[PDB]
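Okay, here we've got a single chain as C-alpha cells, the form deposited in one PDB entry, with questions on binding and movement later.
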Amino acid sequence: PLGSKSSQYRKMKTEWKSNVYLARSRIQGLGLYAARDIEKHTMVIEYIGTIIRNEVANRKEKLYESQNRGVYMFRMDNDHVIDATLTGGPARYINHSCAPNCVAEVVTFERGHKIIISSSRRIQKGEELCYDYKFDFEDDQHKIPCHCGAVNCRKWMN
C-alpha cells in the first residue's frame, strides 16, 4: 500500500528546488546543501537519471573510469541502474557520510520505481546533505577512503 507516499512525492516534485542548493563540499568536490530547515521524514529530492541495464552499467563504468569521471550510478533494482553521470538531477551530488542526515529509499509506483532521498532528522539551513551509499564492501587494492569528516568516521566507504 502506498500510504501518503504519492502525495509526498508529488509535493516534493513541485518544491525540491527550494530544499537544496549546490556548493563546494567539505567532504569531496561538490555537494548538495539544505537551502532551508528540513523536518524529519521529509522527501527532499529524487535521484534522477537514465535507466540502464546491468551490463550497460558495467560497460559505462569502465568508460567513466577511463575519464576520472566519478560514481553517479544508483541501483534501482536487481536488473536496472540509474545512470546520472551525463544526464539527470542535482541529487547525483549528495555525498556519502558515516553520520548521515538522509536515507535513500525506493518507492514503487505503478508507473515505475523512484529513488527518493528523505530526511532522517531535522536538517538546518546550510547543512550538507548526505546519506549512506552502502557501497558493496571490497578488497584493499579496490578499497576507497572516506572523508565525511564526522566524529567516529568509519574511515572507508567500503
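One rule holds for the numbers: they count along the sequence shown, beginning at 1. If you superpose the two forms and keep the largest set of C-alpha atoms that fall within 1.5 Å, you have the rigid core.
This protein has a second form, the form deposited in another entry, left out of what is shown; the following refers to that one.
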Practice task
Compare the position of the CA of residue 112 between the shown form and the other one after a rigid core fit and state whether the shift reaches 2 Å.
Solution key: yes
Exercise for the section: Note yes or no: does the Cα of residue 73 move by 2 Å or more between the shown form and the other one after the core is superposed? Expected result: no
Fill in the blank from the handout: Against the displayed form, residue 111 vs residue 43 by Cα, in the other entry, with 3 angstroms or more change: pair is closer
